[PDB]
Amino acid sequence: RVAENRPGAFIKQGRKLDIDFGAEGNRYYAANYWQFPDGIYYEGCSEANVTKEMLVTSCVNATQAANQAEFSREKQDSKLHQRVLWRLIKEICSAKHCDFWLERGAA
């Protein structure tokens, strides 16, 4: 299989979501949700030493690396799109959670 389905890759189902981006972003998303990813192909989970803060940050970084063309094309004019899109990418990255996560203990 070709490396198009690489860690960070968008999953565009075209499903409308419910997120408070802020007044302008809310209107923008409501009118343009078809363009956006509904999910993201990323699997940060490996072992209990990996934390949520680590995973969410790494997911954003993976998403950047995977979908460079999308961001590059849009950014230079589509300034509002980038803001709204990143807020949603973060929502997705925050949502995906590891089964092994537990209450760690250290001195």
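Residues numbered from 1 in each chain as written, not as in the entry; some residues may be left out. Heavy atoms only, no water.

The deposited coordinates, according to the entry record, derive from solution NMR.

Its PDB title, taken directly from the record, is "NMR STRUCTURE OF MOUSE DOPPEL 51-157". Turning to the chain, the UniProt annotation filed under Subcellular location states: "Cell membrane". Its UniProt record gives the chain a comment under Sequence similarities, which states: "Belongs to the prion family." (UniProt positions renumbered as here; feature names shortened; annotations may be inferred.)

## Quick notes on the packing of aromatic side chains
According to the stated counting rule, one finds six aromatic pairs in the structure shown. Judged by centre distance (5.7 Å) and plane angle (85°), the rings of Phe 10 and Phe 71 are edge-to-face. Highlighted residues: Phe 10 in strand β1 (residues 9-11) and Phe 71 in helix α3 (residues 68-75), separated in sequence by 61 residues. Relative accessible area serves as the criterion here: at 16%, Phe 10 is assigned to the buried category. The exposure class of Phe 71 is buried, given its relative accessible area of 7%. (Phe/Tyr/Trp six-rings, centres within 6.5 Å; stacked < 30°, edge-to-face > 60°. Helix = DSSP H or I, 4+ residues; strand = E, 2+ residues; numbered from the N terminus. Buried < 20%, exposed > 50% of the residue type's maximum accessible area, 1.4 Å probe, protein only.)

## Re the state of the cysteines
Evaluation of the coordinates by the stated rule reveals two disulfides. At a sulfur-sulfur separation of 2.0 Å, the disulfide partner of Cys 45 is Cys 98. Between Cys 45 and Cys 98 the disulfide shows an S-S torsion of about -90°. By sign, it is left-handed. Remark: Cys 98 occurs in the segment after α4 (79-95) and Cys 45 occurs in the loop between β2 (39-41) and α2 (52-66); sequence separation between them is 53 residues. The disulfide that involves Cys 59 links it to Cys 93, with 2.0 Å between the sulfurs. Measuring the twist about the S-S bond at about -75°, one finds the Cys 59-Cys 93 disulfide to be left-handed. (Disulfide = S-S within 2.5 Å.)

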